[PDB]
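Below: the structure, in structure tokens.
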Amino acid sequence: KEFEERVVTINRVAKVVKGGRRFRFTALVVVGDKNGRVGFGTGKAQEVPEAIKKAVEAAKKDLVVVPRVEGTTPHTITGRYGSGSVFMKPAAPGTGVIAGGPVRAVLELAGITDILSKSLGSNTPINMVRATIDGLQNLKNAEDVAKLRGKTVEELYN
Amino acid sequence: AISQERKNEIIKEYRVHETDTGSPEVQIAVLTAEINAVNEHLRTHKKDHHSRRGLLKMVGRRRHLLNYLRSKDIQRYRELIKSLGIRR
Amino acid sequence: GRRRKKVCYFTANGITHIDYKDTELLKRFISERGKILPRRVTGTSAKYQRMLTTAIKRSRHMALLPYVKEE
Amino acid sequence: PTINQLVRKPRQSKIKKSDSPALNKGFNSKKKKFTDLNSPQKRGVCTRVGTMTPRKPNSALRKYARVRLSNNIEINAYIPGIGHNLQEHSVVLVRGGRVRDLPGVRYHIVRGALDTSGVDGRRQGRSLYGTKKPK
Amino acid sequence: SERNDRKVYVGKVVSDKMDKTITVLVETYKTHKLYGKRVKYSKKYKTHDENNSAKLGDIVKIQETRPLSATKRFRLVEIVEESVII
Amino acid sequence: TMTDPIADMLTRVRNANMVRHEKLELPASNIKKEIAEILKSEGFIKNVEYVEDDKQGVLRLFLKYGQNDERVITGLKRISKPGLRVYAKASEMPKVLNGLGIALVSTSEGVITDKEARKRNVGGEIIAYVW
Amino acid sequence: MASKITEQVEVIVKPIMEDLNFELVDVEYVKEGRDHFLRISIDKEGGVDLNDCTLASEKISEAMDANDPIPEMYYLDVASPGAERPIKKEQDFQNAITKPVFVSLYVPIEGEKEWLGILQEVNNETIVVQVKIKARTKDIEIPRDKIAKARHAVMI
RNA sequence: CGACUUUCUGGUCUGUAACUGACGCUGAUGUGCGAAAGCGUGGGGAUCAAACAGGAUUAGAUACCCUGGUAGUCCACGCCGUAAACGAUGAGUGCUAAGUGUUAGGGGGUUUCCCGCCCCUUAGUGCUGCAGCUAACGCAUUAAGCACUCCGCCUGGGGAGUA
RNA sequence: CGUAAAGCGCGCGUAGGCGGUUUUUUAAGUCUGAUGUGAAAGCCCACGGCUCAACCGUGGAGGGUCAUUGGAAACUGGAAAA
RNA sequence: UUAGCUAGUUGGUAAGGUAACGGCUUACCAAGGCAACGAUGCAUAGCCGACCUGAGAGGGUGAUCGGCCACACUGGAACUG
């Protein structure tokens with residue numbers, strides 16, 4: 001979709017070698033539509049423009065669907081990856097999406113209105129936003145199973 | 001030692017049906033004879049650890065079989081512990 | 001694997017033997033130095049290998065076999 | 001743990017100990033009864049003053065002093081801050097603070113309100129350093 | 001005061017080593033605050049058998065009638081299951 | 001010891017979920033039979049079957065995977081497990097993933113689904129969560 | 001070693017009394033896995049101002065800055081102690097007639113021998129302190145022969 | 001826990017289903033068993049062996065390089081109960097791609113003993129690896145995957161296993 | 001607890017922990033209401049006053065793991081039957 | 001790093017005694033009676049309603065205010081009503 005970049009930070013990774021100490025400005029960008037699509041990316045560079053270039057290029061490739069109702073997930077689940085797990089839940093309107101900073105940016109690049117959420121386990125942004133993308137890729141909808149199950153909506157339904 | 005000779009000898013009697021393999025009455029009789037034999041061995045084998053562990057587990061399992069015979073039955077248990085003279 | 005040696009030489013023997021009644025089969029069981037051709041290079045199953053080995057080691061203790069053999 | 005052993009156990013936390021032994025007056029001046037008073041301040045005197053030296057490169061010479069508060073419990077405490085007019089056996093107020101200067105001590109004096117008078121030449125002591133608004 | 005059920009307690013007679021007095025152990029179990037699993041716990045009840053007619057293993061109900069001695073509180077109401085080796 | 005039937009039932013169901021096959025059978029109980037019928041009602045088990053043999057008859061399940069052998073359901077777990085005899089009254093009925101997620105509950109008459117539970121409003125021992 | 005630290009005592013006792021004209025009553029060093037802690041009790045006047053500690057510490061540190069026969073660098077603890085002193089000699093008690101002292105005497109009270117009083121006058125072994133214990137006033141003659149431990153105390 | 005043997009027993013499993021009818025479960029307390037050293041006693045001492053000393057070395061030399069010898073090691077029981085007893089993988093339960101062995105089993109067909117083959121599991125112990133999961137490492141039917149009753153620990157480092 | 005902190009050294013086993021398949025009863029639980037009964041206030045909700053707020057007040061809600069009884073027999077626990 | 005407590009104690013007998021109750025206390029006879037599911041001992045403590053932080057779970061707290069309990073220099077009493 002319309003690619004909207006979202007980097008988390010720029011770490012310099014000093015790959016010190018024989019002699020010199022080569023530090024690469026490493027930055028991971030997440031590219032999304034904030035309207036039902038998002039995708040993360042990784043890039044190791046020596047500067048902000050090179051890093052954003054490469055990581056946005058990587059991020060716009062892999063995307064997601066972000067199935068929502070009221071612009072919000074029809075269900076509630078939690079995301080987990082490598083002990084960087086995070087928890088998610090919808091929220092009543094006007095309350096706003098609440099989550100830790102970086103994963104909050106992830107979910108606004110999914111474009112949600114009101115969410116119960118909080119980061120857990122690891123505070124490393126990469127790991128926790130990866131648990132986040134796992135969870136978001138593990139969303140479904142009532143119609144999906146109303147098809148999948150022979151039974152339909154309005155009898156076994158959110 | 002024992003083998004099935006004295007086993008069957010002492011199961012000839014307490015079998016609710018002579019083809020049974022539960023109803024530990026005959027079976028606990030076998031266990032009684034065998035623990036007696038292994039205790040003779042233990043008096044022969046003054047120091048070890050196999051006789052100790054074996055007697056532990058065997059007598060405990062037979063004890064629990066009795067407890068069952070006291071829960072499953074109420075008279076068979078006593079009549080054994082007076083006839084067999086074990087786990088009274 | 002595993003790393004045992006040839007079997008089916010029991011085409012006229014088995015499953016349990018001998019222990020001692022043919023010194024010549026024992027000539028082929030293990031080495032002749034007193035050292036033991038391992039189960040790695042003897043072959044029969046650890047049950048039969050172990051029983052044959054204790055047979056030959058008894059023969060050593062039985063003087064039917066030398067414990068160690070010289071040259 | 002298993003549910004039963006969980007029941008026959010409290011699952012005790014790892015509750016800490018206050019690294020500031022701030023046992024304020026409590027029952028010190030009657031019955032000499034030990035009492036965990038958490039007062040932010042007790043009045044008391046530094047019977048002796050001193051000065052340990054820091055190592056290189058930052059030879060930021062820090063000065064200490066041993067003090068007794070209302071409970072009169074011995075401790076060697078460093079003085080921070082620039083400027084003073086007190087001496088041996090001067091009454092001093094000590095606040096809880098552990099700094100990078102020297103172990104064996106976890107408290108610190110405060111400037112401005114007692115014998116260790118602060119300096120009103122700076123503007124940071126506008127609400128603190130014991131000194132009034134620099135007017 | 002029979003309208004008042006007093007304090008009846010079905011339970012087993014555990015001892016009678018008192019003059020005309022027995023002890024009924026009536027079993028209960030209390031909830032856990034954090035958890036919800038428990039085990040059976042009870043309160044022994046020094047109780048007056050009118051002639052120490054009770055026996056060990058006697059499942060029996062009783063009746064709070066009067067403080068009869070030290071912790072001797074509950075009269076027997078009816079011997080339910082006076083038992084011997086079963 | 002096979003302490004709980006729910007636990008082994010659900011762990012082997014999740015194992016089949018991983019292995020992506022449908023035809024599997026297992027020693028049942030009357031409750032296992034009834035809940036398997038509830039499963040076929042839910043659908044994600046395309047077919048269930050019960051016979052009798054030692055000791056309880058083998059319940060025979062034949063799953064309804066997705067169009068591409070995907071779990072129509074997402075998650076599955078026991079609730080009433082050894083030691084934890086956990087009950088839910090009329091209002092104590094939970095709603096895993098609301099209607100989409102479901103859970104049978106044993107009640108004073110029998111085992112009923114979450115829809116039945118909040119429908120006839122008889123609580124009971126909540127059994128196992130599936131979503 | 002102890003001989004070494006004594007040598008530093010003589011070499012650095014020069015500064016102390018050409019700088020702040022103090023005298024070191026001693027220099028002793030304690031160590032806990034790092035540059036040890038040479039506490040030098042600097043004397044001169046009794047009521048040493050903190051500045052009179054800062055400047056003296058400057059002097060002694062500069063003195064040893066170029067002087068350290070001891071191979072490693074170490075913490076200089078520059079101490080300008082107060083009048084508080086262990087009273088072993090009778091003159092130690094005589095000087096302290098102004099200030100309170102606490103003593104541990106062969107005849108204790110309530111198990112332990114240590115008691116603090118504020119001296120009113122000097123009377124050989126006998127004591128006319130305004131000893132204050134449990135908020136109690138009195139002049140109690142503590143026999144020095146009883147005294148197993150005696151130290152001049154803080155004035156508070 | 002390996003020289004051989006026996007003692008009089010403890011345990012191992014294939015198949016077995018024999019049938020009372022859950023008799024099962026881990027297991028606080030308790031509690032046995034238990035490297036080595038050490039040691040009490042009573043012997044041995046074959047080594048070995050601290051300490052040791054002769055003695056290099058060097059005022060010093062046991063420091064080590066010597067020479068011998070050395071408590072004890074070794075026999076009787078206790079004390080010893082401790083360790084790297086470590087997989088820092090409690091036990092049992094049963095599920096779950098494979099390839100792919102073992103250690104005993106069994107069966108079927110396969111063929112002269114298929115022993116020869118294959119394959120099915122029995123019950124373990126492999127290596128690679130589905131999935132899964134771990135920071136990583138890797139396990140992965142013998143999970144570190146999935147679950148379940150029951151035990152203990154862990155709470156920064158270390159202070160100090162020490163008081 | 002595969003390695004950063006954690007599996008005795010390893011046992012036997014008392015209590016106890018949980019409890020196989022099926023058939024009934026029980027209602028103990030369990031669930032499932034009715035009762036009495038949860039000072040008050042605060043407590044949440046609404047609302048009244050105080051300019052308003054603060055605030056009290058008003059009522060409601062909430063508030064037992066309490067006792068009792070209505071069903072119920074899935075389940076665990078019994079009871080019985082294998 | 002709190003495991004035995006335990007003798008009017010245990011129970012009854014008779015007396016008394018109190019609103020009652022009973023070792024409640026006397027005399028009797030008898031030996032109990034509790035004890036790891038932690039008695040006992042020690043520290044400590046007013047109690048709760050309530051309150052603070054916590055999404056909550058929870059944790060923590062226990063100012064006035066509601067009540068309940070304990071005390072009134074110290075101990076030993078008792079008159080009164």
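Which members of the stretch G:80-132 meet the condition of being part of a loop (DSSP other than H, G, I, E, B), within 14 Å of chain D (Cβ to nearest Cβ) and among the β-branched types (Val, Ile, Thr)?
Matches in the stretch G:80-132: G:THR98 only.
Here is a check on your reading of the model: is F:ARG20 in contact with an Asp or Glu (Cβ under 8 Å, 6 or more places away or on another chain) and farther than 24 Å from A:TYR157 by Cβ?
yes
Considering every residue within the stretch D:22-29, establish whether at least one is more than 14 Å from chain F (Cβ to nearest Cβ) and touching a residue at least 60 places away in the same chain (Cβ under 8 Å).
yes
I want to confirm something. Restricting to the stretch C:21-71 and keeping residues that are part of a loop (DSSP other than H, G, I, E, B) and polar (S, T, N, Q), which single residue is nearest to RNA strand H (Cβ to nearest atom)? Quick ask: steps written out before the conclusion?
Pass one, the stretch C:21-71, residues part of a loop (DSSP other than H, G, I, E, B): C:21-22, C:30-38, C:42-45, C:62-71.
Still in the list and also polar (S, T, N, Q): C:31, C:42, C:44-45.
Working: C:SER31: 16, C:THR42: 11, C:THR44: 8, C:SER45: 3 Å.
Restricting to residues being part of a loop (DSSP other than H, G, I, E, B) and polar (S, T, N, Q), the top hit is C:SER45.
Could you tell me whether the stretch E:34-57 includes any residue that is in a loop (DSSP other than H, G, I, E, B) and under 10 Å from the mean Cα position of the chain (by Cα)?
no
Restricting to the stretch F:68-111, give me the number of residues that are within 16 Å of RNA strand I (Cβ to nearest atom) and within 14 Å of chain A (Cβ to nearest Cβ).
The qualifying residues number 4.
Could you list, in sequence order, all residues of the stretch D:54-73 that are assigned to a loop (DSSP other than H, G, I, E, B), facing another protein chain (nearest Cβ under 9 Å) and over 16 Å from D:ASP101 (Cα atoms)?
As a first pass, look at the stretch D:54-73 and keep what is assigned to a loop (DSSP other than H, G, I, E, B): D:54-62, D:69-73.
With facing another protein chain (nearest Cβ under 9 Å) added as a condition, the list becomes D:54-56, D:59, D:61, D:72.
Within the stretch D:54-73, just D:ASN72 meets the criteria.
Scan the stretch B:56-88 residue by residue and report those that are crowded, with 16+ Cβ neighbours inside 10 Å, part of a helix (DSSP H, G or I) and within 12 Å of RNA strand I (Cβ to nearest atom).
B:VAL59, B:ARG62, B:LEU65, B:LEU66, B:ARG70
Of everything in the stretch G:39-58 that's over 12 Å from the mean Cα position of the chain (by Cα) and hydrophobic (A, V, I, L, M, F, W, C), which residue is surrounded by the most Cβ atoms within 10 Å (Cβ to Cβ)?
G:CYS53
Take the residues in the stretch F:18-33 that are in contact with a strand residue (DSSP E or B) (Cβ under 7 Å, 6 or more places away or on another chain) and among the hydrophobic types (A, V, I, L, M, F, W, C), then tell me which one is farthest from RNA strand H (Cβ to nearest atom).
Applying the filter and picking the extreme gives F:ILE31.
Among the residues of the stretch E:45-59, how many are among the basic types (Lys, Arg) and within 18 Å of E:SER83 (Cβ to Cβ)?
Count: 1.
Would you confirm whether any residue within the stretch E:40-60 is within 16 Å of RNA strand H (Cβ to nearest atom), surrounded by fewer than 18 Cβ atoms within 10 Å (Cβ to Cβ), more than 14 Å from chain B (Cβ to nearest Cβ) and within 30 Å of F:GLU125 (Cβ to Cβ)?
The answer is yes; a qualifying residue exists.
Is it true that G:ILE60 is of a type in the set (A, V, I, L, M) and within 30 Å of D:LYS31 (Cα to Cα)?
Spelling it out, it is not the case that G:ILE60 is of a type in the set (A, V, I, L, M) and within 30 Å of D:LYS31 (Cα to Cα).
If the requirement is being in contact (Cβ under 8 Å) with a residue 40 or more places away in the chain, within 14 Å of chain G (Cβ to nearest Cβ) and touching a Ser or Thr at 6+ places or on another chain (Cβ under 8 Å), which of these qualifies: D:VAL105, D:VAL92? Don't jump to the end; show me each part of the working.
Numbers: D:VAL105 fails: touching a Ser or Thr at 6+ places or on another chain (Cβ under 8 Å).
Among D:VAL105, D:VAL92, only D:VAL92 is in contact (Cβ under 8 Å) with a residue 40 or more places away in the chain, within 14 Å of chain G (Cβ to nearest Cβ) and touching a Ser or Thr at 6+ places or on another chain (Cβ under 8 Å).
Every residue, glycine as well, gets a Cβ built from its backbone with ideal geometry; the counts of neighbours run over all protein chains shown. Rule-based calculations on the coordinates, nothing more; no lab input.
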